[PDB]
Number of protein chains: 2
Amino acid sequence: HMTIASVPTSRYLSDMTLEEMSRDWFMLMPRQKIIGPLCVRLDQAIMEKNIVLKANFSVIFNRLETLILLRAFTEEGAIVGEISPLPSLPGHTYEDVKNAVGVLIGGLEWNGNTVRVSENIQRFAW
Amino acid sequence: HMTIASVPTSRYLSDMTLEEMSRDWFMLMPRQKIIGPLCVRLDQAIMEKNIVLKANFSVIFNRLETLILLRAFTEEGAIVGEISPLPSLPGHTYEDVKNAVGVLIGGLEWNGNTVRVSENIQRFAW
């Protein structure tokens, strides 16, 4: 991922399987914020659950370059929140991704959820 | 009918003046929820501000013992949030307070506010 000579290697790091990525999901009580070039969505009808954040993103060298998608999951595997780029694909940075994550986590914690993040998120996005 | 001695301590810490404790405020956009034996209030309108949490509470065994009141303040000194005991006054512990502070800070960060807590809260409460 950084041995190859003379060119930068891009990587797609994936916490979520294809199935998880394209799975369609629904929120009973949608809460949504636009945070710069990213969209944060949260189901407010989720409380006091253990939640994990999983993200699929593009890294260049050893820095997050592009968030493709992030979703929050219950232990049972259900999707309760999400961060994605705006439809216009505005271009965004690590700082943008970090802020959006802080917001999603904040929203979850206001509902008394216990939130953990994947190693990859911890390494590149948080 | 035994004699009762009353021995003063210095275990009661105060970040807020009695005035700040007494003051009366209103949320533009009020939200109020019960977290265990505690009531958390947060003005839903307040976003992207620098917010400081100040509290008045007793300590014991080097941890918060009982919360009298916690309030969140803008840099102007306007109140935007609060954690108080329920009027039942049902009794609570360090763990209850810590949970409620997590919730409040959570709601604040959902609204993109930057939160810091007083030294006392850092040391004893969160």
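Taken together, the values in this text are just the output of simple stated rules run on the coordinates, not laboratory data. Note that we place each Cβ from the backbone using ideal geometry, even for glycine, and neighbour counts take in every protein chain shown.
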Hits in region B:2-31 (condition: in a strand (DSSP E or B) and touching a helix residue (DSSP H, G or I) at 6+ places or on another chain (Cβ under 7 Å)): B:13
Taking residue A:116 and the conditions (1) touching a residue at least 60 places away in the same chain (Cβ under 8 Å); (2) crowded, with 18+ Cβ neighbours inside 10 Å; (3) basic (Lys, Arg), which numbered condition does it fall short on, given that it satisfies the others? (2)
Between residues in region B:75-101 that are free of Cβ contacts under 8 Å to residues at least 60 places away in the same chain and residues that are aliphatic (A, V, I, L, M) and part of a loop (DSSP other than H, G, I, E, B), which pairs lie under 8 Å by C-beta distance while being six or more apart or on different chains? B:80/B:27; B:80/B:46; B:81/B:46; B:94/B:125; B:97/B:125; B:98/B:125; B:101/B:125
When every residue in region B:104-126 that is assigned to a loop (DSSP other than H, G, I, E, B) and small (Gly, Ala, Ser) is compared, the one nearest to residue A:103 (Cα to Cα) is B:112
Selection count, region A:67-98, where residues are within 11 Å of the chain's Cα centre (by Cα) and not in a helix (DSSP H, G or I): 12
Please find, among A:101, A:59, the residue that is of a type in the set (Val, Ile, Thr), part of a strand (DSSP E or B) and either surrounded by 20 or more Cβ atoms within 10 Å (Cβ to Cβ) or more than 14 Å from every other protein chain (Cβ to nearest Cβ) (or both). A:59
Going by what's in this entry, would residue B:84 be described as among the small types (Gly, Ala, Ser), under 24 Å from residue A:106 (Cβ atoms) and surrounded by fewer than 17 Cβ atoms within 10 Å (Cβ to Cβ)? yes
Within 30 Å of residue A:100 (Cβ to Cβ) and in a loop (DSSP other than H, G, I, E, B) - does that describe any residue in region B:32-41? yes
Which numbered condition residue A:96 misses (of (1) within 15 Å of residue A:32 (Cα to Cα); (2) surrounded by fewer than 22 Cβ atoms within 10 Å (Cβ to Cβ); (3) touching a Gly at 6+ places or on another chain (Cβ under 9 Å)): (1)
Scan region B:84-111 for residues that are closer than 28 Å to residue B:49 by Cβ and charged (D, E, K, R) and jot them down. B:96, B:98, B:109
